[PDB]
Amino acid sequence: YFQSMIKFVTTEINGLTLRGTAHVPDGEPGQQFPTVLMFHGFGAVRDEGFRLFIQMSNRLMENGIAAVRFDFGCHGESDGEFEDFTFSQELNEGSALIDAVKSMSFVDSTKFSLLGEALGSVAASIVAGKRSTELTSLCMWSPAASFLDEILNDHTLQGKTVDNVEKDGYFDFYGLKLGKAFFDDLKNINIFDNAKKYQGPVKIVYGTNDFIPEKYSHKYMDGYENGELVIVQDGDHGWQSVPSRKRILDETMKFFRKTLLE
Amino acid sequence: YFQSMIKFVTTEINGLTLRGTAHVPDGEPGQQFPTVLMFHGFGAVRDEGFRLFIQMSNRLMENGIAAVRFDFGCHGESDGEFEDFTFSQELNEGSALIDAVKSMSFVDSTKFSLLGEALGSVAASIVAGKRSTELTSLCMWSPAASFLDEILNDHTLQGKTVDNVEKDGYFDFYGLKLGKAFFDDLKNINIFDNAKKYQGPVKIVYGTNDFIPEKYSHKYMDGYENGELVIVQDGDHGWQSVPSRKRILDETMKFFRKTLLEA
Ligand SMILES: [Ca+2]
Ligand SMILES: [Ca+2]
Ligand SMILES: [Ca+2]
Ligand SMILES: [Ca+2]
Ligand SMILES: [Ca+2]
């Protein structure tokens, strides 16, 4: 019998090494656990903001659910330059990470779910529709499903103009160079028609102080046969208040207990 | 022969597992390399913001300098609750990390330096002064040396009031609880009298848009026998523009080439 452990994991997808962390519950040798794979947001890292995914991972681990989270390609400690990042490759990696994680010794291939934050929720929704028979459930926090509308119609990315990409040669995201390839690839992305292909249990948690409009969470619900939408009064995009951090962890543990343990 | 590699490392300090990443250059079996140990800022993680420490780590690694960076206790993936965090224990961990990292198999303990960002620069400056023979050189980005003055004199932590910590039991830092122990421990901290004990090469990089007042960088320089201050026009606290990111990486590689590869 081995106590719980935190270990570091890697995988190779399309020639990039993706680097991640796994939180494995207490158990006997060779035990396979229900597992949540977590997708971080745009230009974020696998910890997410202010220990958010770390706290969620430990909460799951203490309750018998393994938690795995990788840096996407061109993010965090994974290989790849942000200038080469495209959302299509994030989607390819998210699908490939299902098989990478289900191959791990401690993961029950039949009790496996996705959790997302922000753009990671958008990726999770699309991967879930394309790999619907792989997922026991799907949980989406603060989904950034407005990102196509904002960039393509309002010509901004998180409020900053995208109209100087040709003049500058890049878009400046907090000191990272985001390339033209990202913007050229946006025409290939479909969120909601792909997302409605997943008809397992879905939970969406939206905070009223999120800068993403609430209507995008309702649009997801319009397409889900088994959706639940929780509106957290005065929650924000990253669950960056003490009360809303407790709320997001509790609501999510409740959902994964119901769908992966009960 | 071995190509460069990224490996994950852990060490135990005062009952907490601290978790870190090491970037090891290309080399022969058992080769040892000049090494930079990096200290992140307050409530940050070992990647620092927007890949900052990752980019610096890879730049060093590509040039034959190993880079090591841990989450401090109560930060990132390391053990410890933020409610229990104190700066004194950060200083103790920084001291213990010098010893743990100097014993790593790929580290040349005779060519070993610290790099800091923000509060990590303050920690680096104090540890460097207390362990004045241990470091080949010291580089500080955007040192947050105002933090005691801000909390103790202006009664704010990054602009938010600290006056309710005793009544309410904690301070809310972006969803994390920061306990009274942190605030009670501030009286134990001395920055500048400790920092001036280090007499090796020091480089400070300050951006004109940093919210930390420039005067604090001059106070450090006033106590350093062998200091250099670079002032980056339009640089900010976290080096969060493409031009200022290029500048900070280039200036720091230049300093570590001089102090770790050419000396
Ligand atoms: Ca246990
Ligand atoms: Ca593979
Ligand atoms: Ca690789
Ligand atoms: Ca090489
Ligand atoms: Ca431990």
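All heavy atoms count here, side chains included; hydrogens, waters and symmetry mates do not. Protein chains get the first letters and strands the later ones, always in sequence-line order, with residue 1 at the start of each. Order of appearance sets the numbers: ligands from 1, and atoms from 1 within every ligand.
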Chemist: In this structure, which one of B:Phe82, B:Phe70, B:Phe39 forms a ring pair (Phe, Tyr, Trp, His ring centres under 6.0 Å) with B:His75?
Modeler: B:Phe82
Chemist: To the nearest 0.5 angstrom, please state how far the CG atom of A:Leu115 sits from the OG atom of A:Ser57.
Modeler: 8.5 Å
Chemist: Would you say the ring centroid of A:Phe147 lies under 6.0 angstrom from that of A:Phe87?
Modeler: yes
Chemist: Quick one: side chains of residues 169-177 of chain B, donor-acceptor pairs under 3.5 Å with protein atoms, not counting sequence neighbours, listed by atom name and distance.
Modeler:
unit_1: B:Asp172; atom_1: OD1; unit_2: B:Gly175; atom_2: N; d: 3.0
unit_1: B:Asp172; atom_1: OD2; unit_2: A:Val242; atom_2: N; d: 2.8

Chemist: I'd like to know: is the Ca ion (ligand 3) within the 3.0 Å range of an N/O/S atom from A:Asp79, strictly under that distance?
Modeler: yes
Chemist: Strictly under 6.0 Å, is that where the ring centroids of A:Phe53 and A:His40 end up?
Modeler: no
Chemist: Tally of protein N/O/S atoms under 3.0 Å from the Ca ion (ligand 1)?
Modeler: 3
Chemist: Under 6.0 Å between ring centres: does that hold for B:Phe85 and B:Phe182?
Modeler: yes
